[PDB]
file entry.pdb (PDB, C-alpha atoms)
ATOM      1  CA  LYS A   1      -4.781  19.778   2.595  1.00  0.00           C
ATOM      2  CA  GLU A   2      -7.002  17.348   4.497  1.00  0.00           C
ATOM      3  CA  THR A   3      -5.533  16.146   7.806  1.00  0.00           C
ATOM      4  CA  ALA A   4      -4.823  12.442   8.208  1.00  0.00           C
ATOM      5  CA  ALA A   5      -7.464  12.139  10.942  1.00  0.00           C
ATOM      6  CA  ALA A   6     -10.047  13.942   8.822  1.00  0.00           C
ATOM      7  CA  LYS A   7      -9.268  11.754   5.811  1.00  0.00           C
ATOM      8  CA  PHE A   8      -9.781   8.650   7.943  1.00  0.00           C
ATOM      9  CA  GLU A   9     -13.175   9.955   9.075  1.00  0.00           C
ATOM     10  CA  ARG A  10     -14.318  10.741   5.536  1.00  0.00           C
ATOM     11  CA  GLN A  11     -13.155   7.403   4.160  1.00  0.00           C
ATOM     12  CA  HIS A  12     -13.982   5.034   6.997  1.00  0.00           C
ATOM     13  CA  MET A  13     -16.719   6.388   9.274  1.00  0.00           C
ATOM     14  CA  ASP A  14     -20.468   5.932   8.797  1.00  0.00           C
ATOM     15  CA  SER A  15     -22.221   6.104  12.169  1.00  0.00           C
ATOM     16  CA  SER A  16     -25.554   7.088  10.586  1.00  0.00           C
ATOM     17  CA  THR A  17     -26.597   3.465  10.112  1.00  0.00           C
ATOM     18  CA  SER A  18     -26.271   0.193  12.016  1.00  0.00           C
ATOM     19  CA  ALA A  19     -25.338  -1.721   8.867  1.00  0.00           C
ATOM     20  CA  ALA A  20     -25.290  -1.601   5.066  1.00  0.00           C
ATOM     21  CA  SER A  21     -28.926  -1.133   4.017  1.00  0.00           C
ATOM     22  CA  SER A  22     -28.833  -2.567   0.494  1.00  0.00           C
ATOM     23  CA  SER A  23     -26.537  -3.896  -2.218  1.00  0.00           C
ATOM     24  CA  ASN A  24     -26.274  -0.331  -3.518  1.00  0.00           C
ATOM     25  CA  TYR A  25     -24.904   1.062  -0.246  1.00  0.00           C
ATOM     26  CA  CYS A  26     -21.326   1.110  -1.489  1.00  0.00           C
ATOM     27  CA  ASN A  27     -22.112   2.738  -4.821  1.00  0.00           C
ATOM     28  CA  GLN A  28     -23.894   5.485  -2.887  1.00  0.00           C
ATOM     29  CA  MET A  29     -21.305   5.915  -0.127  1.00  0.00           C
ATOM     30  CA  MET A  30     -18.206   5.710  -2.320  1.00  0.00           C
ATOM     31  CA  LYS A  31     -19.637   8.533  -4.431  1.00  0.00           C
ATOM     32  CA  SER A  32     -20.794  10.732  -1.544  1.00  0.00           C
ATOM     33  CA  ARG A  33     -17.526  10.407   0.373  1.00  0.00           C
ATOM     34  CA  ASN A  34     -15.857  11.546  -2.857  1.00  0.00           C
ATOM     35  CA  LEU A  35     -13.939   8.327  -3.420  1.00  0.00           C
ATOM     36  CA  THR A  36     -14.825   8.180  -7.124  1.00  0.00           C
ATOM     37  CA  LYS A  37     -13.965  11.758  -8.115  1.00  0.00           C
ATOM     38  CA  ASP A  38     -11.015  11.320 -10.478  1.00  0.00           C
ATOM     39  CA  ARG A  39     -10.774   7.540 -10.129  1.00  0.00           C
ATOM     40  CA  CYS A  40     -12.515   4.602  -8.451  1.00  0.00           C
ATOM     41  CA  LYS A  41     -10.918   3.739  -5.115  1.00  0.00           C
ATOM     42  CA  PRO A  42     -10.566  -0.062  -5.449  1.00  0.00           C
ATOM     43  CA  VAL A  43     -11.210  -1.047  -1.824  1.00  0.00           C
ATOM     44  CA  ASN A  44     -12.673   0.832   1.143  1.00  0.00           C
ATOM     45  CA  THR A  45     -14.128  -0.182   4.503  1.00  0.00           C
ATOM     46  CA  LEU A  46     -16.774   1.838   6.347  1.00  0.00           C
ATOM     47  CA  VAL A  47     -17.336   1.369  10.080  1.00  0.00           C
ATOM     48  CA  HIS A  48     -20.842   1.590  11.512  1.00  0.00           C
ATOM     49  CA  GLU A  49     -20.095   2.590  15.083  1.00  0.00           C
ATOM     50  CA  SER A  50     -19.778   5.962  16.788  1.00  0.00           C
ATOM     51  CA  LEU A  51     -16.685   8.029  16.079  1.00  0.00           C
ATOM     52  CA  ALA A  52     -15.929   7.783  19.798  1.00  0.00           C
ATOM     53  CA  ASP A  53     -15.962   3.977  19.679  1.00  0.00           C
ATOM     54  CA  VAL A  54     -13.591   3.880  16.717  1.00  0.00           C
ATOM     55  CA  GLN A  55     -11.275   6.490  18.242  1.00  0.00           C
ATOM     56  CA  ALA A  56     -11.220   4.411  21.431  1.00  0.00           C
ATOM     57  CA  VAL A  57      -9.532   1.575  19.535  1.00  0.00           C
ATOM     58  CA  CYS A  58      -6.288   3.582  19.656  1.00  0.00           C
ATOM     59  CA  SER A  59      -6.076   2.665  23.350  1.00  0.00           C
ATOM     60  CA  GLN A  60      -6.980  -1.001  22.923  1.00  0.00           C
ATOM     61  CA  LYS A  61      -4.942  -4.002  21.671  1.00  0.00           C
ATOM     62  CA  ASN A  62      -1.609  -2.912  20.183  1.00  0.00           C
ATOM     63  CA  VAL A  63      -0.761  -5.138  17.215  1.00  0.00           C
ATOM     64  CA  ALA A  64       1.551  -5.054  14.216  1.00  0.00           C
ATOM     65  CA  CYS A  65       0.333  -3.381  11.042  1.00  0.00           C
ATOM     66  CA  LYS A  66       0.551  -5.266   7.750  1.00  0.00           C
ATOM     67  CA  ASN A  67       3.449  -2.998   6.751  1.00  0.00           C
ATOM     68  CA  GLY A  68       5.443  -3.816   9.878  1.00  0.00           C
ATOM     69  CA  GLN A  69       4.814  -0.570  11.746  1.00  0.00           C
ATOM     70  CA  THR A  70       3.818  -0.911  15.406  1.00  0.00           C
ATOM     71  CA  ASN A  71       1.192   1.810  15.758  1.00  0.00           C
ATOM     72  CA  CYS A  72      -1.795  -0.405  14.940  1.00  0.00           C
ATOM     73  CA  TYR A  73      -4.564  -1.351  17.334  1.00  0.00           C
ATOM     74  CA  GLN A  74      -7.223  -4.044  17.140  1.00  0.00           C
ATOM     75  CA  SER A  75     -10.647  -3.404  18.647  1.00  0.00           C
ATOM     76  CA  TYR A  76     -11.501  -5.618  21.614  1.00  0.00           C
ATOM     77  CA  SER A  77     -15.057  -6.019  20.344  1.00  0.00           C
ATOM     78  CA  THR A  78     -16.434  -6.712  16.898  1.00  0.00           C
ATOM     79  CA  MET A  79     -18.003  -3.798  15.051  1.00  0.00           C
ATOM     80  CA  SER A  80     -20.469  -3.494  12.205  1.00  0.00           C
ATOM     81  CA  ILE A  81     -18.560  -2.744   9.014  1.00  0.00           C
ATOM     82  CA  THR A  82     -19.126  -2.746   5.275  1.00  0.00           C
ATOM     83  CA  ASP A  83     -16.383  -3.558   2.807  1.00  0.00           C
ATOM     84  CA  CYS A  84     -16.729  -1.816  -0.545  1.00  0.00           C
ATOM     85  CA  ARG A  85     -14.830  -3.287  -3.484  1.00  0.00           C
ATOM     86  CA  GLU A  86     -14.921  -2.640  -7.216  1.00  0.00           C
ATOM     87  CA  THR A  87     -16.667  -5.274  -9.320  1.00  0.00           C
ATOM     88  CA  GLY A  88     -15.563  -6.512 -12.728  1.00  0.00           C
ATOM     89  CA  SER A  89     -18.022  -4.217 -14.503  1.00  0.00           C
ATOM     90  CA  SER A  90     -16.532  -1.220 -12.694  1.00  0.00           C
ATOM     91  CA  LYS A  91     -14.727   1.313 -14.874  1.00  0.00           C
ATOM     92  CA  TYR A  92     -14.313   5.054 -14.303  1.00  0.00           C
ATOM     93  CA  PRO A  93     -16.270   7.238 -14.633  1.00  0.00           C
ATOM     94  CA  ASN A  94     -18.777   4.434 -14.058  1.00  0.00           C
ATOM     95  CA  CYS A  95     -17.569   2.948 -10.778  1.00  0.00           C
ATOM     96  CA  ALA A  96     -19.415  -0.125  -9.488  1.00  0.00           C
ATOM     97  CA  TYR A  97     -19.039  -1.669  -6.036  1.00  0.00           C
ATOM     98  CA  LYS A  98     -19.946  -4.889  -4.267  1.00  0.00           C
ATOM     99  CA  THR A  99     -21.273  -4.336  -0.745  1.00  0.00           C
ATOM    100  CA  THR A 100     -20.272  -6.825   1.949  1.00  0.00           C
ATOM    101  CA  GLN A 101     -21.570  -6.248   5.480  1.00  0.00           C
ATOM    102  CA  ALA A 102     -19.886  -7.980   8.413  1.00  0.00           C
ATOM    103  CA  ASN A 103     -19.365  -7.756  12.165  1.00  0.00           C
ATOM    104  CA  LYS A 104     -15.686  -8.077  12.995  1.00  0.00           C
ATOM    105  CA  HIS A 105     -12.760  -6.515  14.830  1.00  0.00           C
ATOM    106  CA  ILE A 106     -11.137  -3.556  13.139  1.00  0.00           C
ATOM    107  CA  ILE A 107      -7.444  -2.752  13.078  1.00  0.00           C
ATOM    108  CA  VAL A 108      -6.393   0.863  12.668  1.00  0.00           C
ATOM    109  CA  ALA A 109      -3.112   2.752  12.672  1.00  0.00           C
ATOM    110  CA  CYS A 110      -3.058   5.669  15.109  1.00  0.00           C
ATOM    111  CA  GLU A 111      -0.958   8.808  15.378  1.00  0.00           C
ATOM    112  CA  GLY A 112      -0.836  12.373  16.639  1.00  0.00           C
ATOM    113  CA  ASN A 113      -2.071  14.273  19.671  1.00  0.00           C
ATOM    114  CA  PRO A 114      -4.857  13.471  20.180  1.00  0.00           C
ATOM    115  CA  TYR A 115      -3.815   9.914  19.308  1.00  0.00           C
ATOM    116  CA  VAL A 116      -6.476   9.050  16.722  1.00  0.00           C
ATOM    117  CA  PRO A 117      -7.034   6.733  13.725  1.00  0.00           C
ATOM    118  CA  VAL A 118      -5.208   7.712  10.533  1.00  0.00           C
ATOM    119  CA  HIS A 119      -5.373   4.441   8.571  1.00  0.00           C
ATOM    120  CA  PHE A 120      -7.664   1.426   8.316  1.00  0.00           C
ATOM    121  CA  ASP A 121      -5.373  -1.598   8.163  1.00  0.00           C
ATOM    122  CA  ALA A 122      -7.795  -4.524   8.109  1.00  0.00           C
ATOM    123  CA  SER A 123     -10.669  -6.291   9.812  1.00  0.00           C
ATOM    124  CA  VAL A 124     -10.674  -9.664  11.537  1.00  0.00           C
TER     125      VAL A 124
END
call {"tool": "encode", "arguments": {"input": "entry.pdb", "output": "structure tokens"}}
result
Amino acid sequence: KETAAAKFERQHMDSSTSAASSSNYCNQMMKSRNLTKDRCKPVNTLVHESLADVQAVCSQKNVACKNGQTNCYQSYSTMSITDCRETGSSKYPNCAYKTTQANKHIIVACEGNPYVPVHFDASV
């Protein structure tokens, strides 16, 4: 079984680029990060900053999570991110995603020792 921290890395980390290259970035990334294996993950955000920078958020602004839990943190600075969301023409096994690049604050849920990101809650 994949650890929560490892799952967060696979789903939400892409430090290899400064920002979404093209409109096909999401189709490519959602497939390579295995998020279209048995079904198309409807929504997924990828962060284009170093793993260290994202992990550091767990020691930044403590804020409420959408679900009410209090283990969420909002990055002090904005970060390059890409939101990947299924389009209307998307239908397994032919997943299709819209790529939306943005520079905003990220909010992640943290847990464990080390205290690292285990969920991507939202971006602001």
call {"tool": "resolve_selection", "arguments": {"input": "entry.pdb", "expression": "the PyMOL selection byres ((chain A and resi 37-50) around 10)", "output": "ChimeraX atom specification"}}
result
/A:8-20,26,29-36,51-56,79-87,90-103,106,120-123
call {"tool": "closest_residue", "arguments": {"input": "entry.pdb", "among": "A:118, A:5, A:107, A:124", "to": "residue 60 (chain A)", "atoms": "all atoms listed in the file"}}
result
A:107
call {"tool": "atom_distance", "arguments": {"input": "entry.pdb", "atom1": "CA of residue 59 (chain A)", "atom2": "CA of residue 105 (chain A)"}}
result
14.2 Å
call {"tool": "closest_residue", "arguments": {"input": "entry.pdb", "among": "A:71, A:66, A:7, A:22", "to": "residue 115 (chain A)", "atoms": "all atoms listed in the file"}}
result
A:71
call {"tool": "atom_distance", "arguments": {"input": "entry.pdb", "atom1": "CA of residue 64 (chain A)", "atom2": "CA of residue 110 (chain A)"}}
result
11.7 Å
call {"tool": "resolve_selection", "arguments": {"input": "entry.pdb", "expression": "the PyMOL selection byres ((chain A and resi 61) around 6)", "output": "PyMOL selection string"}}
result
chain A and resi 60+62+73-74
call {"tool": "atom_distance", "arguments": {"input": "entry.pdb", "atom1": "CA of residue 75 (chain A)", "atom2": "CA of residue 113 (chain A)"}}
result
19.7 Å
call {"tool": "closest_residue", "arguments": {"input": "entry.pdb", "among": "A:88, A:2, A:78, A:72", "to": "residue 108 (chain A)", "atoms": "all atoms listed in the file"}}
result
A:72
call {"tool": "closest_residue", "arguments": {"input": "entry.pdb", "among": "A:6, A:109, A:28, A:119", "to": "residue 58 (chain A)", "atoms": "only C-alpha atoms"}}
result
A:109
call {"tool": "axis_aligned_box", "arguments": {"input": "entry.pdb", "around": "region 75-87 of chain A", "padding_each_side": "8 Å", "output": "lines of an AutoDock Vina configuration file"}}
result
center_x = -15.6
center_y = -4.3
center_z = 6.1
size_x = 25.8
size_y = 20.9
size_z = 46.9
call {"tool": "decode", "arguments": {"input": "entry.pdb", "residues": "region 74-102 of chain A", "atoms": "N, CA and C atoms", "output": "JSON list (two decimals), in the first residue's frame"}}
result
[["chain", "number", "residue", "atom", "x", "y", "z"],
["A", 74, "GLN", "N", -1.75, 26.96, 4.78],
["A", 74, "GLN", "CA", -1.76, 27.74, 3.56],
["A", 74, "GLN", "C", -0.38, 28.36, 3.35],
["A", 75, "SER", "N", 0.18, 28.16, 2.17],
["A", 75, "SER", "CA", 1.50, 28.70, 1.86],
["A", 75, "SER", "C", 1.52, 30.22, 1.97],
["A", 76, "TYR", "N", 2.59, 30.76, 2.54],
["A", 76, "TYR", "CA", 2.72, 32.21, 2.67],
["A", 76, "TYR", "C", 2.85, 32.86, 1.30],
["A", 77, "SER", "N", 3.55, 32.19, 0.40],
["A", 77, "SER", "CA", 3.76, 32.73, -0.94],
["A", 77, "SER", "C", 2.90, 32.01, -1.96],
["A", 78, "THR", "N", 2.77, 32.59, -3.14],
["A", 78, "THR", "CA", 2.01, 31.94, -4.20],
["A", 78, "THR", "C", 2.99, 30.98, -4.85],
["A", 79, "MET", "N", 2.44, 29.94, -5.48],
["A", 79, "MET", "CA", 3.26, 28.94, -6.14],
["A", 79, "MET", "C", 2.67, 28.66, -7.50],
["A", 80, "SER", "N", 3.51, 28.20, -8.42],
["A", 80, "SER", "CA", 3.04, 27.85, -9.75],
["A", 80, "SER", "C", 2.32, 26.51, -9.64],
["A", 81, "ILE", "N", 1.09, 26.46, -10.12],
["A", 81, "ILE", "CA", 0.31, 25.23, -10.07],
["A", 81, "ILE", "C", -0.46, 25.05, -11.37],
["A", 82, "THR", "N", -0.92, 23.83, -11.60],
["A", 82, "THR", "CA", -1.72, 23.54, -12.77],
["A", 82, "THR", "C", -2.90, 22.71, -12.29],
["A", 83, "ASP", "N", -4.11, 23.17, -12.59],
["A", 83, "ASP", "CA", -5.29, 22.41, -12.22],
["A", 83, "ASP", "C", -5.66, 21.59, -13.44],
["A", 84, "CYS", "N", -5.91, 20.30, -13.21],
["A", 84, "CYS", "CA", -6.30, 19.38, -14.27],
["A", 84, "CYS", "C", -7.72, 18.92, -13.99],
["A", 85, "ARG", "N", -8.62, 19.17, -14.92],
["A", 85, "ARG", "CA", -10.01, 18.76, -14.75],
["A", 85, "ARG", "C", -10.58, 18.15, -16.02],
["A", 86, "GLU", "N", -11.37, 17.10, -15.85],
["A", 86, "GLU", "CA", -11.98, 16.42, -16.98],
["A", 86, "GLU", "C", -12.89, 17.35, -17.78],
["A", 87, "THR", "N", -12.85, 17.21, -19.10],
["A", 87, "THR", "CA", -13.68, 18.01, -19.99],
["A", 87, "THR", "C", -14.96, 17.23, -20.26],
["A", 88, "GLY", "N", -15.86, 17.82, -21.03],
["A", 88, "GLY", "CA", -17.11, 17.15, -21.34],
["A", 88, "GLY", "C", -16.92, 15.94, -22.24],
["A", 89, "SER", "N", -15.90, 15.99, -23.10],
["A", 89, "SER", "CA", -15.62, 14.90, -24.03],
["A", 89, "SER", "C", -14.82, 13.78, -23.37],
["A", 90, "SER", "N", -14.54, 13.92, -22.08],
["A", 90, "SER", "CA", -13.78, 12.92, -21.35],
["A", 90, "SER", "C", -14.65, 11.73, -20.94],
["A", 91, "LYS", "N", -14.17, 10.53, -21.24],
["A", 91, "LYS", "CA", -14.89, 9.31, -20.90],
["A", 91, "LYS", "C", -13.93, 8.12, -20.96],
["A", 92, "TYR", "N", -13.71, 7.50, -19.81],
["A", 92, "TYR", "CA", -12.82, 6.34, -19.71],
["A", 92, "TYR", "C", -13.21, 5.32, -20.78],
["A", 93, "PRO", "N", -12.21, 4.65, -21.39],
["A", 93, "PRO", "CA", -10.77, 4.78, -21.15],
["A", 93, "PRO", "C", -10.12, 5.93, -21.91],
["A", 94, "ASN", "N", -10.94, 6.84, -22.42],
["A", 94, "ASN", "CA", -10.42, 7.99, -23.16],
["A", 94, "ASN", "C", -10.57, 9.26, -22.34],
["A", 95, "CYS", "N", -9.76, 9.39, -21.29],
["A", 95, "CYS", "CA", -9.81, 10.57, -20.44],
["A", 95, "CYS", "C", -9.30, 11.79, -21.18],
["A", 96, "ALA", "N", -9.91, 12.94, -20.91],
["A", 96, "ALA", "CA", -9.53, 14.20, -21.54],
["A", 96, "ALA", "C", -9.55, 15.28, -20.46],
["A", 97, "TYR", "N", -8.48, 16.06, -20.38],
["A", 97, "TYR", "CA", -8.36, 17.10, -19.37],
["A", 97, "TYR", "C", -8.08, 18.50, -19.89],
["A", 98, "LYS", "N", -8.61, 19.48, -19.17],
["A", 98, "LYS", "CA", -8.39, 20.89, -19.46],
["A", 98, "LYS", "C", -7.25, 21.27, -18.53],
["A", 99, "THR", "N", -6.29, 22.01, -19.06],
["A", 99, "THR", "CA", -5.12, 22.43, -18.31],
["A", 99, "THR", "C", -5.21, 23.91, -17.95],
["A", 100, "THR", "N", -5.23, 24.23, -16.66],
["A", 100, "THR", "CA", -5.28, 25.62, -16.24],
["A", 100, "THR", "C", -4.13, 25.94, -15.29],
["A", 101, "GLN", "N", -3.18, 26.72, -15.80],
["A", 101, "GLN", "CA", -2.00, 27.15, -15.05],
["A", 101, "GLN", "C", -2.33, 28.40, -14.25],
["A", 102, "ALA", "N", -1.78, 28.50, -13.05],
["A", 102, "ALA", "CA", -2.02, 29.66, -12.20],
["A", 102, "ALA", "C", -0.91, 29.78, -11.16]]
